[PDB]
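Residue numbers (full-length UniProt numbering), protein chains in the order written: chain Z, 2 to 387; chain G, 2 to 387; chain C, 2 to 387; chain R, 2 to 387.
Worksheet for the structure shown next.
Number of protein chains: 4
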Amino acid sequence: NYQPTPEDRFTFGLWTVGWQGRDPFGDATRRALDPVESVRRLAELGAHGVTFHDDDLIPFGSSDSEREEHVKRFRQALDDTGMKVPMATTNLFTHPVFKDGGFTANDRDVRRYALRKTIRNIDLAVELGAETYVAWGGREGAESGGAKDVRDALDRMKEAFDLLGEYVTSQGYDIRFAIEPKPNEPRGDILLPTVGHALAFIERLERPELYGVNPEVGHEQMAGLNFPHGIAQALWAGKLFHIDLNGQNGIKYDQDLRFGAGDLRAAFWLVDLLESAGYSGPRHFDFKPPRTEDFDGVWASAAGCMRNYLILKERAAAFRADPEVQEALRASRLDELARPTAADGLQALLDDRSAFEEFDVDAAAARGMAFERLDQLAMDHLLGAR
Amino acid sequence: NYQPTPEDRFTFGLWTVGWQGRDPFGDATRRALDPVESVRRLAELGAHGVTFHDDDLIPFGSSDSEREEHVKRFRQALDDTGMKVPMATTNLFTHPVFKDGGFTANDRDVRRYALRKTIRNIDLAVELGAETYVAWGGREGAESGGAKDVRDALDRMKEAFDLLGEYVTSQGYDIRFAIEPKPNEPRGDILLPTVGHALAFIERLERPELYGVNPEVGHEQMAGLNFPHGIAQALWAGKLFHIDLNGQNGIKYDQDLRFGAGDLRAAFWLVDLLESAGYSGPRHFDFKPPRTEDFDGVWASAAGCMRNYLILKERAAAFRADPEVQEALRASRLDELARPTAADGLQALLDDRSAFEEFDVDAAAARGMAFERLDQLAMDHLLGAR
Amino acid sequence: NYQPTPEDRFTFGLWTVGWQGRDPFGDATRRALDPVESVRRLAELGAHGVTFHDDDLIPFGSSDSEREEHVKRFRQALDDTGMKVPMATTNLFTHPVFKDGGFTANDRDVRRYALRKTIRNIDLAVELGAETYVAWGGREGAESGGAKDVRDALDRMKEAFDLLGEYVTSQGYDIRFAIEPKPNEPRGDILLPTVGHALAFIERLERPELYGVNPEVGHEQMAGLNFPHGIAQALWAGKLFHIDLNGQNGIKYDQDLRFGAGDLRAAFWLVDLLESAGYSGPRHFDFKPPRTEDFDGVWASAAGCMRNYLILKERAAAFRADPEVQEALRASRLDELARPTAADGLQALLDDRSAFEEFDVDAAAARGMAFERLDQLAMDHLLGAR
Amino acid sequence: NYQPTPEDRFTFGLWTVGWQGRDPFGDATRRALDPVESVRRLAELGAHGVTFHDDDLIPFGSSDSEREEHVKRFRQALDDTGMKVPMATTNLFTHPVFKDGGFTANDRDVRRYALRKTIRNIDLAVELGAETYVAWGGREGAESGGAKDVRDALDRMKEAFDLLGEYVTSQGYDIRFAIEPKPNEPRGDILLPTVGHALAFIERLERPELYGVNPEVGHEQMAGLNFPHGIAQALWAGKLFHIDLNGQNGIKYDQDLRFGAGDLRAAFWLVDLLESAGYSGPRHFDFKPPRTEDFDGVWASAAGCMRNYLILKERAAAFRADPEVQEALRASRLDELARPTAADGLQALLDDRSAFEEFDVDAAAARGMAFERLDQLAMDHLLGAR
Ligand SMILES: OC[C@H]1O[C@H](O)[C@H](O)[C@@H](O)[C@@H]1O
Ligand SMILES: OC[C@H]1O[C@H](O)[C@H](O)[C@@H](O)[C@@H]1O
Ligand SMILES: OC[C@H]1O[C@H](O)[C@H](O)[C@@H](O)[C@@H]1O
Ligand SMILES: OC[C@H]1O[C@H](O)[C@H](O)[C@@H](O)[C@@H]1O
Ligand SMILES: [Mg+2]
Ligand SMILES: [Mg+2]
Ligand SMILES: [Mg+2]
Ligand SMILES: [Mg+2]
Ligand SMILES: [Mn+2]
Ligand SMILES: [Mn+2]
Ligand SMILES: [Mn+2]
Ligand SMILES: [Mn+2]
């Protein structure tokens, strides 16, 4: 039951199932994985593909010959399995040189280095077939108020993204960029901390059509925000280029639980929205199998990400198809929400006495919205209790 | 010491000092105030002006003759004191008809009513001299996932703001709109929950130049976000049309404490940024004197808002003017953050071996940023301990 | 399916289904309910009983004759339906006199009044059959640091609870007290903010055996705490005298959603624990039907509280009874967690070389805990996807 | 100005200034420090002493000869500087064997190992002069509901603390234990997550007088709780055996900023309370210099912890000594809060008509508490703006 196949477009970062379990208070609990092994094991579970940071696929500091062999072995694993590489990203956070940021480091030489490291990896990502290049500015931010003038930092961040767009255009590449917001951790506060801040920033770039967002479930929940609402705004803007799926229990450190863990009802409404909107990109899991697990638990955790998506997909589709739910949606006026407020135009609205002078405010106020009945139908569908 | 005068541009909502102290668990602890009295008492404290919701100035349901007398008395209080009215707003949240929203109510007749109620008050706001019209969509949102399709709701919200822009343009008014974000409360989640989401939405409106943000200290802090950072992004976008100043202790209900209470260091960095950026709009307090207070405590609380702004203004200016701080800012490379990363252009960056092939990553990583020394100078300045 | 009956011990506060929908930003959306009607409608839904604050059952300020008639009508509704009254409480938060607290008000005359108001209602609660008397100190706390010396306030709170215990002992009553913690709202911070702080305080009372806790799902979640863990500690202490069931979406204002809404997985683990531990008290819902609802939605929301408890009870029981889960629990060493660490005693442990000198730390570290497989079995059971 | 000396009792963990800067997303930015160097540098800054985990002072896995040399060098640094060692603790979190806990690990052999590792270090702590032994159960908890039966885990935690008390009693040691709560991180939820839960647990131990709490500023703030309030409850219980001072910006990952950073007003009210209550234990800083800093920034950050404590101590003492504040405290009835509610006894209260039948509730309700004036005096004192 609920068995994934590559057609479901489920993808995993090499750093997810490859996480060795080091945390701020703990040493590694698992040995490092060869990317080749991760590709094979994920393919056996029904995954569609994998994603990578530059430094996950090629150890930092590798010589050209070593780099060529790493890529060759990875390419052979992709060929052996039929796995794809839909997205890649740059590691601009692990190395100490990035301790104050990459694109917005106060040191200009570090900013130039970060751009060169990214451009090198864009070339590789294109070679491996990626359609999206993600930027997660995890080190862009501050622990103290004097350390970062944010207007200057946003100037530098715009310059960096503009140069990357000039670069991909210069090479004729079709790849597009997706900014992954996060509100905090590892910096005390991170620039572009939410989907909204990232969407707003893109609109000031030179070529905004090249940039979208890669929202992550847990990151918007770390700000206490409603992730399905933020996804709806990204879709409304035409900017949901990619998504990171995982679980998070509220406002605390970034947990990266498997998808479906954390806020289960939010996971249900997310799947409902992605399927209703026809999102066609990768269903990418950015999760960490807990460091309590051995390698068998790693693969059980990855399998559970995909299983939970498929269960929620079934339950959301049953909800929207149920005639009793369709009647409840009309009872709650979701049909009226989708109708224009004033297609008659401004002057007609101003002249419409039923909109003000003769509007019976008390009769309107007395009409219940029937949202609790609708939501209990949604709960009954989610739980299989209809 | 620290005595405000009207030139400091401090303004207060009638609903702030007028709050009677009703909370979700408590009846009123103070009698209602006549707006005329609030104008007089605020003017005596050194305020520049006042702001209003339609229903603060004219009781809901007033006849035309009553409305004319309310406005006449208010105008005479403004004339007697020299107080101004720089901003007004519509109450689209108190009346039960708005229980599911105003501009994004599922009922289309309620959406049309909300627009007509707003347009009536825009006319009054212009008559009283307001330069900004604020929209706080406190009822726009949901407690459950099925109750609001957010893409449809954003369609309705765009339609509403577009019609309001068509209206002000049709009348030749100079007033501009400012959206006030809030993440939650009274709805479980509110649409446009942060500065970023509001900035992003404005960019999809028909006439984006007419709309900016009215961020509130406590609202961004209710999402755990850094308010000075969000203000910097709004300034970077050219969209800080107005601001609401108050205090909040972290992620919990909207406290609306007096400015300077709550997160004191964030208040310091906010004042530093507003003064450095040359923000020229009203310094508006959206606060509630705690319901423990009598009327004398109300005015003490309002006075404390202005006092705390003026103390922080002095301390931030002393910080930025101190030669030892200026040296520390250079030591931490804030000068380098303000320099373009690659004014030499993309090809020059790609050909620059000092940016990659010959970049000494370890030497760069070893350079301390000296941010702790800088931040302790900032603390010493804030505390008057230099 | 999932139909409650009085044997399931579900109870509701009169203030829950009776909530008129006033919030900090909104007027009432529903008319007041007669307690008699609430008793009848709840009984028809399958409830076991109701609970009350003094001022829910008898309007504040009633004369003795009015008080007698209110009680008489309520008693007749209980007799007509077979509903019980297992718990009552005092309203020490709505009236303005309590603006700085009841038992810990700075004014001594208010503290004495609060005690007298409570004692009057203890007598009534006993007359109506209540076994538990709840204290929720919603006004005990502060918005500012100077306003409340907390050691002195805890002295006053101990004095109050000690006097109430002296009173019930003096009358020969069997009723016991349960303190309901909440971290904040309506005060900026509330004294005894969590289950732990309340348990710790009880241990300093004169007669600790008379006092336990009445934890509420949403209140511990407002501090980001794990409600099943806090319930387990209360059960471990022998102090779970009563419980308040509802839903909450994380750290924000007190939402009081219907049970099962909010954090669904936490609701599952709570029901699992209450049923496994054999909790025999009332399953009391302290919830507010959202103000979007009409009276039909009120009863739909109350019905959904009970339905969701019964669904989760079925799924948790199926989880614990499944032989595959029982094998997974052994694989994860939950059996070993329940065995004493050192029943052999201290000297035997000190002399046991297998505990230190010869303990193979690496072999132990390499053993996976298999928690992800266990948790996916739990998810499959909760979702009915086995 | 504000220069610390050893008489101020400021202490630092070796792991604080010794933190190399590894975070969940970043490699080390600083070289490891020799404990001898940290002792010397801290002594030069005016510190009183240092604290240690076993594995900070002696590398894990050291032979007896290596252990003896590590201790010998450390003892010579203490002798050379006059630094003391007032507290020590065990590392039961870094090694992978502790991935599911130490005292509450599901594996019984790990629980026995954790006890033996602790007992070995208690002996060393006593040899070095420590008066307090801290337990921070950072790995005691869970990411999922099935993985840990919390009642069984609390049984195991009680067994462990009881055995440690039996051990110290058996040796005639005077050292006492202090439990350090934390709500989450590194586990999804940690057992005994707050001061209150720890205080409540101690009351169920065999010899409760041997155990107190070691609360940390940032940890209670990670639950959104008011740290001065929790400290007041610990003092009220007689259980403040030790304290960890640092800074935290609200509900997010554990930041461990230097003391005075984070919530400055809470730091002021904490210092006010510690000084007013006459707390005589170490003023211990559990902080991490940010990984942006070099070694000079490490010592600047440590110096700033002590400076900020001394500034706040001066400002709080000036507040409490100011006759205008003393008058404001009487105006707000803080004197009445410290008076018994009913020293006349229960029967006198029941017979006192001024407490109920003749209490003028409206006159009492109308009396303002004057808390805003009091709090602005506190702000003026903190800012040096009187
Ligand atoms: O950008 C790719 C990834 O980089 C890092 O691993 C971040 O922790 C993760 O959130 C992000 O998705
Ligand atoms: O929009 C004007 C005001 O409306 C309401 O009073 C909101 O509570 C407040 O935040 C907002 O500033
Ligand atoms: O104490 C009884 C009840 O009093 C109030 O209604 C509180 O809001 C609620 O949480 C509590 O359960
Ligand atoms: O228990 C001593 C210390 O152990 C660890 O370093 C914890 O991170 C810290 O909070 C605690 O104080
Ligand atoms: Mg991610
Ligand atoms: Mg506001
Ligand atoms: Mg309750
Ligand atoms: Mg600590
Ligand atoms: Mn994440
Ligand atoms: Mn507010
Ligand atoms: Mn509640
Ligand atoms: Mn900490």
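From the three backbone atoms N, C-alpha and C, an ideal C-beta is built for every residue, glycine too.
How long is the line joining the alpha carbons of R117(C) and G103(R), rounded to whole angstroms?
Working through the third sequence from its first residue, we reach residue 117(C) at position 116. Working through the fourth sequence from its first residue, we reach residue 103(R) at position 102. Taking the straight line from one Cα to the other gives about 50 Å.
Quick one: give me the first and last residue of the alpha helix (DSSP H) that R177(C) is part of.
Taking the first residue of the third sequence as 1, we reach residue 177(C) at position 176. Unbroken run through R177(C) is the beta strand (DSSP E), 177-180; no alpha helix (DSSP H).
So is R112(R) in contact with chain Z if we call contact Cβ pairs under 7 Å?
Along the fourth sequence, one-based indexing puts residue 112(R) at 111. No, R112(R) does not count as interfacial toward chain Z.
Name the one or two DSSP bridge partners that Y134(Z) has.
Along the first sequence, one-based indexing puts residue 134(Z) at 133. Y134(Z) pairs with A89(Z), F178(Z).
Bridge partners of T105(R), per DSSP?
The residue labelled residue 105(R) in the question sits at position 104 within the fourth sequence. Paired residues: none, contrary to the question.
Going by the DSSP bridge assignment, what does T52(Z) pair with across the sheet?
Residue numbering aside, residue 52(Z) sits at position 51 when the first sequence is read from its first letter. Answer is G14(Z), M88(Z), bridged to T52(Z).
Does the Cβ-Cβ distance between residue 1(G) and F11(G) come in under 7 Å?
What the structure shows of chain G is the stretch from 2 to 387, and residue 1(G) is not part of that stretch, so it cannot be assessed.
Closest by CA to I180(R), which one among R152(R), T170(R), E217(R), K149(R)?
Residue 180(R) sits at position 179 when you count from the first residue of the fourth sequence. Nearest of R152(R), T170(R), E217(R), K149(R) to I180(R), Cα basis: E217(R).
Taking Cβ positions, are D190(G) and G251(G) nearer each other than 7 Å?
Sequence index remark: in the second sequence, residue 190(G) carries index 189 (1-based). Sequence index remark: in the second sequence, residue 251(G) carries index 250 (1-based). It is not a contact, given that the beta carbons lie outside the stated cut-off.
Assuming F228(G) is part of the beta strand (DSSP E), what are its boundary residues?
In the second sequence, counting from the first residue as 1, residue 228(G) sits at position 227. From DSSP, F228(G) is part of no beta strand (DSSP E) but of the alpha helix (DSSP H) over 228-237.
Would you mind reading off the limits of the alpha helix (DSSP H) that contains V214(C)?
Within the third sequence, residue 214(C) is the residue found at index 213, counting from 1. It is not in any alpha helix (DSSP H) - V214(C) instead sits in the beta strand (DSSP E) that spans 212-214.
What I want to know is whether the C-beta of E69(C) ends up closer than 6 Å to one or more non-hydrogen atoms of ligand 10.
As a working note, residue 69(C) is residue 68 in the third sequence. Checking the Cβ of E69(C) against ligand 10 gives no.
Sorted by chain position, which residues of the same chain lie with C-beta nearer than 6 Å to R208(G)'s C-beta, five sequence neighbours on each side aside?
Your numbering for residue 208(G) matches position 207 in the second sequence. So the qualifying residues of the chain are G166.
Can you tell me whether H96(G) is helix, strand or coil according to DSSP?
Residue 96(G) sits at position 95 when you count from the first residue of the second sequence. Coil.
Just to confirm the assignment: which complete alpha helix (DSSP H) runs, minimum length 4, are found wholly within the segment 296-335 of chain R?
The qualifying runs are 296-322, 324-332.
Using C-beta distances below 8 Å, list every residue in its chain close to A78(C), excluding the 5 sequence neighbours before and after it, in chain order.
As a position in the third sequence, residue 78(C) is number 77, starting the count at 1. Closer than 8 Å at Cβ, skipping near neighbours: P36, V37, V40, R41, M84.
Taking 5 Å as the limit, tell me which residues put their C-beta closer than that to any heavy atom of ligand 7, in chain order.
Checking every Cβ against the heavy atoms of ligand 7 under 5 Å gives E217(C), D245(C), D287(C).
Cα-Cα, which of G22(R), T90(R), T133(R) is closest to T95(Z)?
Position 94 of the first sequence, counting from 1, holds the residue named residue 95(Z). The residue with the shortest Cα to Cα distance from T95(Z) is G22(R).
Considering only the alpha carbon of each residue, which of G130(G), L93(G), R109(G), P97(G) lies closest to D80(G)?
To locate residue 80(G), count along the second sequence from 1; it is residue 79. The residue with the shortest Cα to Cα distance from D80(G) is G130(G).
Examine chain Z for any beta-carbon lying closer than 7 Å to the beta-carbon of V169(G), and answer yes or no.
Along the second sequence, one-based indexing puts residue 169(G) at 168. Judged by the 7 Å Cβ criterion, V169(G) is not in contact with chain Z.
Less than 7 Å between CB atoms is the rule here; does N2(G) satisfy it with respect to chain C?
Taking the first residue of the second sequence as position 1, residue 2(G) is located at position 1. No, because no Cβ of chain C sits closer than 7 Å to the Cβ of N2(G).
Count the other CB atoms, across all protein chains shown, that sit within 10 Å of the CB of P97(C); report buried if there are 16 or more and exposed otherwise.
Locating residue 97(C) in the third sequence gives position 96, where the first residue counts as 1. Flag for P97(C) reads buried.
Out of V111(C), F320(C), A106(C), point me to the one whose CA is closest to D363(R)'s CA.
Residue mapping note: residue 363(R) aligns to position 362 of the fourth sequence, counting from 1. Nearest of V111(C), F320(C), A106(C) to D363(R), Cα basis: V111(C).
Taking DSSP as the reference, what is the three-state secondary structure of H198(R)?
Reading the fourth sequence from its first residue, position 197 is the one you call residue 198(R). Three-state result, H198(R): helix.
Taking only beta-carbon atoms, is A379(Z) less than 7 Å away from chain C?
Here residue 379(Z) corresponds to residue number 378 of the first sequence, with the count starting at 1. Cβ-Cβ to chain C under 7 Å: no for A379(Z).
Strictly below 9 Å CB to CB, what residues from chain B border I232(G)?
Absent from the structure: chain B. Protein chains present are Z, G, C and R.
So with Cβ pairs under 7 Å, would you call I59(Z) a contact of chain C?
As a working mapping, residue 59(Z) is identified with position 58 in the first sequence. Judged by the 7 Å Cβ criterion, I59(Z) is not in contact with chain C.
Less than 7 Å between CB atoms is the rule here; does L15(C) satisfy it with respect to chain Z?
As a working mapping, residue 15(C) is identified with position 14 in the third sequence. False, the Cβ-Cβ gap to chain Z never drops below 7 Å.
Please tell me whether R374(Z) has its Cβ less than 7 Å away from any Cβ of chain C.
As a working mapping, residue 374(Z) is identified with position 373 in the first sequence. So, interface residue.
Name the DSSP beta bridge partners of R284(R), please?
Mapped onto the fourth sequence, residue 284(R) falls at position 283. Its beta-bridge partners are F11(R).
Please list the terminal residues of the continuous alpha helix (DSSP H) segment that includes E373(C).
Working through the third sequence from its first residue, we reach residue 373(C) at position 372. Looking at the DSSP string, the run of the alpha helix (DSSP H) that includes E373(C) is 372-384.
Would you kindly check if the distance between the Cβ of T195(Z) and the Cβ of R157(Z) is under 7 Å?
In the first sequence, residue 157(Z) corresponds to position 156, counting from 1. In the first sequence, residue 195(Z) corresponds to position 194, counting from 1. Against a cut-off of 7 Å, the Cβ pair of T195(Z) and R157(Z) comes out as no contact.
Any C-beta of chain Z sitting closer than 7 Å to the C-beta of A224(G)?
The count along the second sequence starts at 1 and reaches residue 224(G) at position 223. Yes, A224(G) lies at the interface with chain Z (some Cβ there is under 7 Å from its Cβ).
Between which two residues does the alpha helix (DSSP H) carrying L164(G) extend?
Your numbering for residue 164(G) matches position 163 in the second sequence. 151-172 is the extent of the alpha helix (DSSP H) around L164(G).
Mapping the DSSP letters down to three states, classify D24(Z) as helix, strand or coil.
For this step, residue 24(Z) is matched to residue 23 along the first sequence. Here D24(Z) sits in strand by DSSP.
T90(Z): beta carbon under 6 Å from a heavy atom of ligand 1?
One-based indexing of the first sequence puts residue 90(Z) at position 89. Result yes, Cβ under 6 Å from ligand 1.
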